[PDB]
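Source file: query_39.pdb; contents: PDB, C-alpha atoms (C1' of nucleotides).
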ATOM      1  CA  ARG A   5      71.529  53.870 -59.009  1.00  0.00           C
ATOM      2  CA  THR A   6      68.993  55.688 -56.804  1.00  0.00           C
ATOM      3  CA  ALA A   7      66.851  58.628 -57.889  1.00  0.00           C
ATOM      4  CA  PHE A   8      65.902  61.172 -55.215  1.00  0.00           C
ATOM      5  CA  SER A   9      62.412  62.702 -54.779  1.00  0.00           C
ATOM      6  CA  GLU A  10      61.388  66.375 -55.123  1.00  0.00           C
ATOM      7  CA  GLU A  11      60.341  67.005 -51.504  1.00  0.00           C
ATOM      8  CA  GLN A  12      63.572  65.302 -50.442  1.00  0.00           C
ATOM      9  CA  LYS A  13      65.654  67.412 -52.866  1.00  0.00           C
ATOM     10  CA  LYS A  14      64.359  70.769 -51.634  1.00  0.00           C
ATOM     11  CA  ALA A  15      65.160  69.734 -48.064  1.00  0.00           C
ATOM     12  CA  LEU A  16      68.732  68.642 -48.860  1.00  0.00           C
ATOM     13  CA  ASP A  17      69.174  71.984 -50.674  1.00  0.00           C
ATOM     14  CA  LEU A  18      67.913  74.096 -47.751  1.00  0.00           C
ATOM     15  CA  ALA A  19      70.014  72.147 -45.299  1.00  0.00           C
ATOM     16  CA  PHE A  20      72.976  72.761 -47.608  1.00  0.00           C
ATOM     17  CA  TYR A  21      72.519  76.472 -48.162  1.00  0.00           C
ATOM     18  CA  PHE A  22      72.433  76.902 -44.384  1.00  0.00           C
ATOM     19  CA  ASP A  23      75.432  74.672 -43.600  1.00  0.00           C
ATOM     20  CA  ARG A  24      77.410  72.887 -46.361  1.00  0.00           C
ATOM     21  CA  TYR A  25      78.520  70.188 -43.893  1.00  0.00           C
ATOM     22  CA  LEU A  26      75.759  68.276 -42.146  1.00  0.00           C
ATOM     23  CA  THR A  27      76.091  67.174 -38.502  1.00  0.00           C
ATOM     24  CA  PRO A  28      75.887  63.373 -37.862  1.00  0.00           C
ATOM     25  CA  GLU A  29      72.883  63.598 -35.511  1.00  0.00           C
ATOM     26  CA  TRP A  30      71.312  66.047 -37.972  1.00  0.00           C
ATOM     27  CA  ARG A  31      72.027  63.796 -40.925  1.00  0.00           C
ATOM     28  CA  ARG A  32      70.385  60.794 -39.194  1.00  0.00           C
ATOM     29  CA  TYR A  33      67.450  63.113 -38.543  1.00  0.00           C
ATOM     30  CA  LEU A  34      67.139  64.071 -42.196  1.00  0.00           C
ATOM     31  CA  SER A  35      67.831  60.512 -43.308  1.00  0.00           C
ATOM     32  CA  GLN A  36      64.990  58.985 -41.300  1.00  0.00           C
ATOM     33  CA  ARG A  37      62.771  62.019 -41.996  1.00  0.00           C
ATOM     34  CA  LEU A  38      62.918  61.972 -45.788  1.00  0.00           C
ATOM     35  CA  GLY A  39      63.083  58.157 -45.616  1.00  0.00           C
ATOM     36  CA  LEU A  40      66.466  57.721 -47.253  1.00  0.00           C
ATOM     37  CA  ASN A  41      69.696  56.160 -46.064  1.00  0.00           C
ATOM     38  CA  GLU A  42      72.334  58.313 -44.443  1.00  0.00           C
ATOM     39  CA  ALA A  43      74.795  57.227 -47.176  1.00  0.00           C
ATOM     40  CA  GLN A  44      72.731  58.666 -50.049  1.00  0.00           C
ATOM     41  CA  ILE A  45      72.654  62.023 -48.241  1.00  0.00           C
ATOM     42  CA  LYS A  46      76.461  62.075 -47.848  1.00  0.00           C
ATOM     43  CA  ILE A  47      77.108  61.173 -51.504  1.00  0.00           C
ATOM     44  CA  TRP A  48      74.649  63.835 -52.500  1.00  0.00           C
ATOM     45  CA  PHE A  49      76.596  66.328 -50.388  1.00  0.00           C
ATOM     46  CA  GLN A  50      79.836  65.351 -52.168  1.00  0.00           C
ATOM     47  CA  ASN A  51      78.266  65.685 -55.622  1.00  0.00           C
ATOM     48  CA  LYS A  52      76.744  69.010 -54.517  1.00  0.00           C
ATOM     49  CA  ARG A  53      80.069  70.496 -53.355  1.00  0.00           C
ATOM     50  CA  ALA A  54      81.370  69.444 -56.760  1.00  0.00           C
ATOM     51  CA  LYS A  55      79.252  72.343 -58.070  1.00  0.00           C
ATOM     52  CA  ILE A  56      80.958  74.592 -55.481  1.00  0.00           C
ATOM     53  CA  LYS A  57      84.359  73.651 -56.950  1.00  0.00           C
ATOM     54  CA  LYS A  58      83.019  74.989 -60.276  1.00  0.00           C
ATOM     55  CA  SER A  59      83.566  78.564 -59.036  1.00  0.00           C
TER      56      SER A  59
ATOM     57  CA  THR B   6      98.687  62.959 -57.218  1.00  0.00           C
ATOM     58  CA  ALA B   7      98.152  59.967 -59.502  1.00  0.00           C
ATOM     59  CA  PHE B   8     100.160  56.802 -59.007  1.00  0.00           C
ATOM     60  CA  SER B   9     101.666  54.930 -61.924  1.00  0.00           C
ATOM     61  CA  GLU B  10     101.133  51.255 -62.655  1.00  0.00           C
ATOM     62  CA  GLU B  11     104.744  50.562 -61.739  1.00  0.00           C
ATOM     63  CA  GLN B  12     104.216  52.255 -58.389  1.00  0.00           C
ATOM     64  CA  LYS B  13     100.981  50.420 -57.669  1.00  0.00           C
ATOM     65  CA  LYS B  14     102.768  47.127 -58.473  1.00  0.00           C
ATOM     66  CA  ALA B  15     105.693  47.883 -56.170  1.00  0.00           C
ATOM     67  CA  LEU B  16     103.367  49.053 -53.358  1.00  0.00           C
ATOM     68  CA  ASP B  17     101.299  45.903 -53.941  1.00  0.00           C
ATOM     69  CA  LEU B  18     104.319  43.617 -53.666  1.00  0.00           C
ATOM     70  CA  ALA B  19     105.715  45.301 -50.553  1.00  0.00           C
ATOM     71  CA  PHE B  20     102.362  45.129 -48.869  1.00  0.00           C
ATOM     72  CA  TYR B  21     101.643  41.464 -49.696  1.00  0.00           C
ATOM     73  CA  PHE B  22     104.940  40.566 -48.073  1.00  0.00           C
ATOM     74  CA  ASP B  23     104.310  42.317 -44.733  1.00  0.00           C
ATOM     75  CA  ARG B  24     101.128  44.247 -44.055  1.00  0.00           C
ATOM     76  CA  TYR B  25     102.719  46.786 -41.649  1.00  0.00           C
ATOM     77  CA  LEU B  26     105.429  49.116 -42.902  1.00  0.00           C
ATOM     78  CA  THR B  27     108.717  49.928 -41.147  1.00  0.00           C
ATOM     79  CA  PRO B  28     110.581  53.321 -41.268  1.00  0.00           C
ATOM     80  CA  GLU B  29     113.428  51.920 -43.413  1.00  0.00           C
ATOM     81  CA  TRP B  30     110.867  50.584 -45.834  1.00  0.00           C
ATOM     82  CA  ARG B  31     109.060  53.901 -46.240  1.00  0.00           C
ATOM     83  CA  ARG B  32     112.414  55.670 -46.694  1.00  0.00           C
ATOM     84  CA  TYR B  33     113.470  53.073 -49.247  1.00  0.00           C
ATOM     85  CA  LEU B  34     110.113  53.079 -51.080  1.00  0.00           C
ATOM     86  CA  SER B  35     109.993  56.895 -50.984  1.00  0.00           C
ATOM     87  CA  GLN B  36     113.476  57.082 -52.423  1.00  0.00           C
ATOM     88  CA  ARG B  37     112.953  54.591 -55.246  1.00  0.00           C
ATOM     89  CA  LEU B  38     109.446  55.639 -56.260  1.00  0.00           C
ATOM     90  CA  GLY B  39     110.220  59.341 -55.736  1.00  0.00           C
ATOM     91  CA  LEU B  40     107.417  59.848 -53.267  1.00  0.00           C
ATOM     92  CA  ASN B  41     107.309  61.108 -49.697  1.00  0.00           C
ATOM     93  CA  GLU B  42     107.245  58.637 -46.872  1.00  0.00           C
ATOM     94  CA  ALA B  43     103.956  60.286 -45.906  1.00  0.00           C
ATOM     95  CA  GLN B  44     102.466  59.465 -49.350  1.00  0.00           C
ATOM     96  CA  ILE B  45     103.489  55.828 -48.794  1.00  0.00           C
ATOM     97  CA  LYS B  46     102.310  55.730 -45.166  1.00  0.00           C
ATOM     98  CA  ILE B  47      98.966  56.907 -46.388  1.00  0.00           C
ATOM     99  CA  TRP B  48      99.029  54.233 -49.070  1.00  0.00           C
ATOM    100  CA  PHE B  49      99.512  51.380 -46.563  1.00  0.00           C
ATOM    101  CA  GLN B  50      96.730  52.941 -44.450  1.00  0.00           C
ATOM    102  CA  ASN B  51      94.270  52.930 -47.353  1.00  0.00           C
ATOM    103  CA  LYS B  52      95.306  49.396 -48.349  1.00  0.00           C
ATOM    104  CA  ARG B  53      94.572  47.825 -44.957  1.00  0.00           C
ATOM    105  CA  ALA B  54      91.341  49.823 -45.048  1.00  0.00           C
ATOM    106  CA  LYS B  55      90.417  48.053 -48.297  1.00  0.00           C
ATOM    107  CA  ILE B  56      91.273  44.580 -46.949  1.00  0.00           C
ATOM    108  CA  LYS B  57      89.157  45.048 -43.791  1.00  0.00           C
ATOM    109  CA  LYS B  58      86.255  46.267 -45.978  1.00  0.00           C
ATOM    110  CA  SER B  59      86.306  43.029 -47.981  1.00  0.00           C
TER     111      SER B  59
ATOM    112  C1'  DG C   1      72.778  64.229 -74.362  1.00  0.00           C
ATOM    113  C1'  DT C   2      73.320  66.374 -69.999  1.00  0.00           C
ATOM    114  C1'  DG C   3      73.074  65.379 -64.998  1.00  0.00           C
ATOM    115  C1'  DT C   4      74.056  63.009 -61.163  1.00  0.00           C
ATOM    116  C1'  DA C   5      74.474  58.736 -58.314  1.00  0.00           C
ATOM    117  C1'  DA C   6      77.941  55.586 -57.196  1.00  0.00           C
ATOM    118  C1'  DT C   7      82.846  53.967 -57.266  1.00  0.00           C
ATOM    119  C1'  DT C   8      87.716  54.309 -56.691  1.00  0.00           C
ATOM    120  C1'  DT C   9      92.057  56.519 -54.835  1.00  0.00           C
ATOM    121  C1'  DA C  10      94.862  59.997 -52.165  1.00  0.00           C
ATOM    122  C1'  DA C  11      94.613  62.897 -48.416  1.00  0.00           C
ATOM    123  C1'  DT C  12      92.610  64.688 -43.614  1.00  0.00           C
ATOM    124  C1'  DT C  13      90.861  65.240 -38.813  1.00  0.00           C
ATOM    125  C1'  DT C  14      90.092  63.079 -34.516  1.00  0.00           C
ATOM    126  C1'  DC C  15      90.500  59.312 -30.643  1.00  0.00           C
TER     127       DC C  15
ATOM    128  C1'  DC D   1     104.707  58.912 -33.548  1.00  0.00           C
ATOM    129  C1'  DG D   2     102.046  55.344 -35.893  1.00  0.00           C
ATOM    130  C1'  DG D   3      97.503  53.293 -36.494  1.00  0.00           C
ATOM    131  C1'  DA D   4      92.204  52.749 -36.800  1.00  0.00           C
ATOM    132  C1'  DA D   5      87.935  54.707 -37.856  1.00  0.00           C
ATOM    133  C1'  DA D   6      85.152  58.172 -40.272  1.00  0.00           C
ATOM    134  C1'  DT D   7      85.029  62.022 -43.909  1.00  0.00           C
ATOM    135  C1'  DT D   8      86.478  64.870 -47.624  1.00  0.00           C
ATOM    136  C1'  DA D   9      88.232  66.161 -52.082  1.00  0.00           C
ATOM    137  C1'  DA D  10      89.583  64.920 -56.620  1.00  0.00           C
ATOM    138  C1'  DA D  11      89.104  62.426 -60.783  1.00  0.00           C
ATOM    139  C1'  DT D  12      86.466  58.526 -63.380  1.00  0.00           C
ATOM    140  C1'  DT D  13      82.976  55.209 -64.119  1.00  0.00           C
ATOM    141  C1'  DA D  14      77.238  53.989 -65.160  1.00  0.00           C
ATOM    142  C1'  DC D  15      73.303  54.494 -64.751  1.00  0.00           C
ATOM    143  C1'  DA D  16      70.055  57.802 -65.331  1.00  0.00           C
TER     144       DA D  16
END
structure tokens encoding of this file:
Amino acid sequence: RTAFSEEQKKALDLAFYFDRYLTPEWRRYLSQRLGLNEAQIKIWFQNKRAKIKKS
Amino acid sequence: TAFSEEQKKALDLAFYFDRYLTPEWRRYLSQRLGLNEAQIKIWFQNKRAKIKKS
DNA sequence: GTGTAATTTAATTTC
DNA sequence: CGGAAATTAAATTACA
């Protein structure tokens, strides 16, 4: 049960609001940049888009 | 779609017998369980996926 | 008590 | 076409 940071959260949000689907070579980039694992990022995307399904 | 327990149990039996499904088996399974052969095909796919993951 | 990460299961796109 | 590998959506389960 991981908890994400603030600096990391703003980045995932920006990357989302630009494109809701992240590119594999972009997602590795983000993943090694923010220090997280590429899996966390994906699951975060899924849980994000959940909010999209709320409208 | 949500599968029943009965359906999961049938799918489970048919898989544990032979891991790869034949056309007459997906027609039969589709016709008894009420599903589409595609639903079933997908089910075998996801099953073998689970076995190779563990 | 809400909010969200992580887990299943059914369905998809691509090689 | 059917199958394998990688993602996605939908619904639920546990930590937060």
Sorted by chain and rising residue number, list the residues of range 6-58 of chain A at most 9 Å from chain C (counting only C-alpha atoms (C1' of nucleotides)), each with its closest atom pair and distance in Å to one decimal, as CSV.
residue,atom,partner,partner_atom,distance
A:6,CA,C:5,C1',6.5
A:7,CA,C:5,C1',7.6
A:44,CA,C:5,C1',8.4
A:47,CA,C:5,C1',7.7
A:48,CA,C:5,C1',7.7
A:51,CA,C:4,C1',7.5
Could you pull the residues within 12 Å of residue 28 in chain A, counting all atoms listed in the file, minus those fewer than 5 positions along the same chain, as a PyMOL selection string? (chain A and resi 33-35+42-43+45-46) or (chain D and resi 6-7)
Tell me which residues the PyMOL selection byres ((chain B) within 10 of (chain D)) grabs here, as an mmCIF file with C-alpha atoms, in the frame of the given file.
data_model
loop_
_atom_site.group_PDB
_atom_site.id
_atom_site.type_symbol
_atom_site.label_atom_id
_atom_site.label_comp_id
_atom_site.auth_asym_id
_atom_site.auth_seq_id
_atom_site.Cartn_x
_atom_site.Cartn_y
_atom_site.Cartn_z
ATOM 1 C CA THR B 6 98.687 62.959 -57.218
ATOM 2 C CA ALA B 7 98.152 59.967 -59.502
ATOM 3 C CA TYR B 25 102.719 46.786 -41.649
ATOM 4 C CA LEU B 26 105.429 49.116 -42.902
ATOM 5 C CA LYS B 46 102.310 55.730 -45.166
ATOM 6 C CA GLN B 50 96.730 52.941 -44.450
ATOM 7 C CA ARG B 53 94.572 47.825 -44.957
ATOM 8 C CA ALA B 54 91.341 49.823 -45.048
#
Quick check, in Å to one decimal: how far apart do CA of residue 18 in chain B and CA of residue 47 in chain B lie?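 Taking CA of residue 18 in chain B and CA of residue 47 in chain B, their separation equals 16.1 Å.
Once the PyMOL selection byres ((chain B and resi 30) around 12) is applied to this file, the selection holds residues 15, 16, 19, 20, 22, 23, 24, 25, 26, 27, 28, 29, 31, 32, 33, 34, 35, 36, 37, 38, 41, 42, 43, 45, 46 and 49 of chain B.
Using all atoms listed in the file for every distance, the candidate list B:17, B:40, B:51, B:11 yields B:51 as the residue closest to chain C.
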Hey, can you check how far CA of residue 56 in chain A sits from CA of residue 29 in chain A?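 Between these atoms lies a distance of 24.2 Å.
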Range 21-35 of chain B: axis-aligned bounding box, 6 Å on each side, centre and edge lengths in Å, one decimal, as AutoDock Vina command-line options:
--center_x 107.3 --center_y 48.7 --center_z -46.1 --size_x 24.3 --size_y 28.3 --size_z 21.9
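Across the structure, CA of residue 38 in chain A and CA of residue 12 in chain A are spaced 5.8 Å apart.
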